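One-letter residues, chain by chain:
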Amino acid sequence: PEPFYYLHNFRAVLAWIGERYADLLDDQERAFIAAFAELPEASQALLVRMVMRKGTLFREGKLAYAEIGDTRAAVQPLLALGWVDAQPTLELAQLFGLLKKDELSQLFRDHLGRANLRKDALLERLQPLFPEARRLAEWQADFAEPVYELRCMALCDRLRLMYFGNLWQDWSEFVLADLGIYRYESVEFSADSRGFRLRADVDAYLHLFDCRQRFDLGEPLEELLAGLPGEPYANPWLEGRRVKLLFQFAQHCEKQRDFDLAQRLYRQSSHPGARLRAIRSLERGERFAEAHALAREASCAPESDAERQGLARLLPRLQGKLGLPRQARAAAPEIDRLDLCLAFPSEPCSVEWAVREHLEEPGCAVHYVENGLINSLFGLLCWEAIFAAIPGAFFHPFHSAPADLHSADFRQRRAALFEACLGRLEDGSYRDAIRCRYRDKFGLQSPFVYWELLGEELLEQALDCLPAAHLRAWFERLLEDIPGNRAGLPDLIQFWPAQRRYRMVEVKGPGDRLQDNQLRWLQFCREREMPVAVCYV
DNA sequence: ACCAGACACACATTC
DNA sequence: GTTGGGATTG
DNA sequence: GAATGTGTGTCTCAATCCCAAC
Ligand SMILES: [Mn+2]
Ligand SMILES: [Mn+2]
């Protein structure tokens, strides 16, 4: 309805920062917000376009908007302020990004030009010839169009990182929200600001991101570790990311064959499952000695239910290749292992979708829900428990879930609420509770509540067949490890309404063999005498 | 939940 | 001349 | 064939487009 939707939403961000994050701003950055308001309606619009767009540099032909008048006119106030820069200095690398493949051939006609292979390969070709950067006028002085470079991107991304609690979300969040595509729970403005404590937390987040940026963009390890720290962080979720960065770094040291580094690195990170990869890295360096000594420290005090699974695998192999005795390990009994061989030639329909078709009977129906039913059914019961605001949970409106979810204190900071809601599960009114929370909070962008899947018909069936104790067992387990137990469950779930009873079943072809996350789920089920099975084809 | 978990799929190797 | 991935769009 | 690793492919609103693709 409003052509300047992107401008109004951009104003809404700077307005939010002026209100709440006033003291967290700097002298020259306050001047930016003030000066921005003093730009024409057209020049405010033209600026924000170049931000939302991916690139930093912009060919004038690509900045053709109708909301804004003449692009060459509305840009002038930005060129005056220096926020935009005409006649910018750019490299051969980012010159390719602006020009088409055809135009590049004309310019480099008699300067080593062959029948091109690939654009990224052409860049690799003109690296040593034109290493130094120049202005556009210095590459093709004859070139007609002007190119605008955005000088205030660093400033912009700071305001974005402050509005949100991260950088992964972009300005599209406003559009997708206003259009009703993403509907969020209007959590109350309780913790007015846990965006950040001081600027120190921002620069930390920002410089870590720069290393990540300089990693995908190929740069050697010795360069990226020079700026990194050996000392951990104080801010909880910030320390978690630095750690998570070291993890993704160690992966590359193992993807390529340099296990000495990967191994030494995995131990410096307190990331989930990093301890394991340190052992598997030693294993793959003929370091069985220190692989076992470390594996012992894990055996004496594991990291999670998943870690325990890894040790059972690794220990016999290390103990074996060492002089030690091969300590025995455990295995799972294939519960209700049903099999069926149906042969057909053509139709490429989904495998899991086809099994749903076969189990269909006049007495029982089956739904294709891999970790979907129990997740949503949990996220509704403990809905109000999750979206309750702690002093450092929520801050901006467009948030999917409470920020302290991956933190181990997620259950502790809500230990009261979760126990109040879960009380209903063994007590009465677990059906009346879910229903009210189903109708009231429908369609919202909640974690582990897949609305688009859970239909009104399915829900009522599950509530009857799925018993109190089994729901009482499942949900409690998710709370032990939320990031860990969110995945790995039976593809299908069947219900027998008459003599109320259900049964979950994972379906596999011979080409598959189930995963570690699913295996851990089948164990938990057989232990509690939960009707479950595996189906082969 | 920061180009990711989250399913199958495809290779290798070993008691 | 093809076709399809990805920045762009609201 | 069992059970092991590890390495790929797929995909997040949907309709538009243009530029570089084997
Ligand atoms: Mn599945
Ligand atoms: Mn399956």
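Residues numbered from 1 in each chain as written, not as in the entry; some residues may be left out. Chains lettered and ligands numbered in written order. Heavy atoms only, no water.

The deposited coordinates derive from X-ray crystallography, with the record listing a resolution of 4.002 Å.

Undergrad: Whenever I open this one, the protein's contact with DNA strand D confuses me. Can you help?
TA: In the region of DNA strand D, 16 residues are neighbours, and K101, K119, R313, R317 and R329 sit closest. Between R280 and DNA strand D, the recorded distance is 3.4 Å, taken from a side-chain N or O atom to a phosphate oxygen. A distance of 3.0 Å separates a phosphate oxygen of DNA strand D from a polar side-chain atom of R329. Only α16 (274–283) and α18 (305–321) provide two or more residues apiece to the surface near DNA strand D. Within the surface near DNA strand D, the residues separate by chemical class into 4 nonpolar, no polar and 12 charged. (Near = heavy atom within 4 Å. Polar contact = N/O pair within 3.5 Å; in protein donor to acceptor, adjacent residues only side chain to side chain. Helix = DSSP H or I, 4+ residues; strand = E, 2+ residues; numbered from the N terminus. Nonpolar A, V, L, I, M, F, W, Y, C, P; charged D, E, K, R; others polar.)

Undergrad: Any chance you could explain the coordination of the manganese ion (ligand 1) here in plain terms?
TA: Octahedral metal centres with six donors ideally show angles of 90 or 180 degrees, and tetrahedral centres with four donors ideally show 109.5 degrees. Around the manganese ion (ligand 1), the protein contributes the donor atoms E370 (OE) and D491 (OD), at 2.2 Å from the metal centre. A separation of 3.9 Å is found between the manganese ion (ligand 1) and the manganese ion (ligand 2), which share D491 as a coordinating residue. Here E370, found in the loop between β7 (365–368) and α20 (373–381), pairs with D491, found in the loop between α25 (468–480) and β8 (492–495); they are 121 residues apart in sequence, far enough to count as distant. Note on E370: relative accessible area 43%, which makes it partly exposed. (Donors = N, O, S within 2.8 Å, 3.2 Å for Na, K, Ca; no water. Buried < 20%, exposed > 50% of the residue type's maximum accessible area, 1.4 Å probe, protein only.)

Undergrad: Sorry if this is basic, but what is going on with the coordination of the manganese ion (ligand 2) here?
TA: Looking at the manganese ion (ligand 2), one finds its protein donor set to be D491 (OD), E506 (OE) and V507 (O), positioned 2.1 to 2.2 Å from the metal centre. For the manganese ion (ligand 2), the donor residues sit on a single chain with the sequence spacing D-x14-E-V.

Undergrad: Any chance you could explain the side chain of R160 here in plain terms?
TA: Relative to the assigned elements, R160 resides in helix α10 (residues 153–163). Of note is the side chain of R160, whose polar atom sits 2.7 Å from the backbone oxygen of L167. With sequence-adjacent residues up to four places away left out, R160 is seen in contact with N166, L167, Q169, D170 and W171. (Contact = heavy atoms within 4.5 Å.)

Undergrad: So what exactly am I meant to see when it comes to the pattern of salt bridges here?
TA: When the charged atoms of two side chains with opposite charge come close together, those side chains can pair. Under the defined criterion, the tally for this structure stands at 40 salt bridges. Here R437 makes a salt bridge to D440, at a shortest N to O gap of 3.9 Å. Note that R437 and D440 are positioned in helix α23 (residues 431–440) at a spacing of 3 residues, about one turn of the helix. We note a salt bridge from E506 to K508, for which the minimum N-O separation is 3.8 Å. (Salt bridge = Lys/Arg side-chain N within 4 Å of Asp/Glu carboxyl O.)

Undergrad: What exactly am I supposed to notice about the protein's contact with DNA strand B here?
TA: In the vicinity of DNA strand B, 24 residues are found, and the nearest of them are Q248, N371, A403, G488 and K508. Among all atoms of DNA strand B positioned within 4 Å of the protein, those belonging to sugar or phosphate total 75%. Interatomic distance of 3.4 Å between a side-chain N/O atom of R212 and a sugar or linking oxygen of DNA strand B. Between DNA strand B and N371, the relevant distance is 2.8 Å, taken from a phosphate oxygen to a side-chain nitrogen or oxygen of the residue. Contributions of two or more residues to the surface near DNA strand B are made by α12 (199–216), α14 (236–255), β9 (502–508) and α26 (516–527). When its residues are assigned to classes, the surface near DNA strand B shows 5 nonpolar, 8 polar and 11 charged.

Undergrad: What am I meant to see in the side chain of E254 here?
TA: Position of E254 among the secondary structure elements: in helix α14. Looking at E254, its side chain comes within polar contact range of the side chain of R277, at 2.8 Å.

Undergrad: Looking at this model, I keep getting lost on α26. Mind explaining?
TA: Note: α-helices contain 3.6 residues per turn, so residues at a spacing of three or four share the same orientation. With 12 residues, α26 extends 17 Å between its outermost C-alpha atoms, agreeing within 8% with the 16 Å of an ideal straight helix rising 1.5 Å per residue. Among the residues of α26, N517, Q518, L519, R520, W521, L522, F524 and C525 are the ones counted as buried. Next to the buried residues of α26 lie α18, α25, β9 and β10 (532–536). Looking one or two places after α26, you find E529, whose phi comes out positive at around 55 degrees. (Expected span 1.5 Å × (residues − 1).)

Undergrad: I keep staring at the domain arrangement of chain A and nothing clicks. Help me out?
TA: A common way to report how large an interface is uses the accessible area buried once the components associate. As assigned here, chain A comprises domain 1 (1–87 + 141–196), domain 2 (88–140), domain 3 (197–330) and domain 4 (331–537). Computed over C-alpha atoms only, the centres of domain 2 and domain 4 are separated by 54 Å. (Domains from an automatic or database assignment.)

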